[PDB]
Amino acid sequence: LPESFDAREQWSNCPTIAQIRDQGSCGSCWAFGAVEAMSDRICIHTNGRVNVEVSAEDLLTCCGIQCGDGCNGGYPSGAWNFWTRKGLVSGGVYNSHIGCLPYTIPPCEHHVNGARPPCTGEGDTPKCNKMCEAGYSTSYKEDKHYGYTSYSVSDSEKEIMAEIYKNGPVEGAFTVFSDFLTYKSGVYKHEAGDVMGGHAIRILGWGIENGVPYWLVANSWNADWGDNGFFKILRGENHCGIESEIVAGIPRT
């Protein structure tokens, strides 16, 4: 395996891999890490022939109990199951008017200062509409993209690397301590601070920095948080659980 890897270089033709989204004032990080990785993998496994932003809105609103409780929290693995069973329609970002069900919860400032309003708690989850937005080419059912398999990847650093290498970005989850909230650059190594919660994300490569091994990770807190929306976190040590809850899945293409 390569000593360094970045899915963005590897499948440069696949623009979703480089995209950072914004979950907004809703606790749907479990949904974002999934549809972000599903988008990447649909493109990767069709060698580029299909490039669709899979809709965070559909997953968040229509998954229901197997996924958790919407904007209050949820379970990554229930998202990948849902996709293999009931699939997910396309959907761009907020006010993009791209695809069937663009996300409806507006961008906000995550533990930073900027132009947009500060994020607040967790707005009620939107209702499941099985209807695409006015304008859109095809019907909601027609627009569904399905998965063929979903699986958990075991806590093995080599297996997770191989899985990213072969098949594209994965979803993961780790424990957030307060000192993460103000990450700017470098390799994050928890030192101080209280427990905040569990946070699901997209892992899209690895590397070394000044001899510290890390995972390259896309957060769902917009591009002005962290290092342009991305962060680096110690790899090889089950640091904050980052190697404990990996899940992925292969598209039906």
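Start at 1 with the first residue shown and count on from there.
The PDB entry records a higher mean C-alpha B factor for 185-193 than for its counterpart among 55-63 and 185-193. Between 39-47 and 222-230, it is 39-47 that carries the larger average Cα temperature factor according to the deposited entry.
The PDB entry assigns its highest CA temperature factor, among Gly168, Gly172, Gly121, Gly74, to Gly121. Set against one another, the Cα B-factors of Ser137, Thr84, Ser154, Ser90 in the record reach their highest point at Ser137.
Remark: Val217 belongs to the highest third of its chain, ranked by C-alpha B-factor as recorded.
Compared with the other modelled residues of the chain, the Cα B-factor recorded for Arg116 ranks in the middle third. Sorting the modelled residues of the chain by their CA temperature factor places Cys26 in the highest third. When the modelled residues of the chain are ordered by C-alpha B-factor, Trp80 sits in the lowest third. When the modelled residues of the chain are ordered by their C-alpha B factor, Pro102 lands in the middle third.
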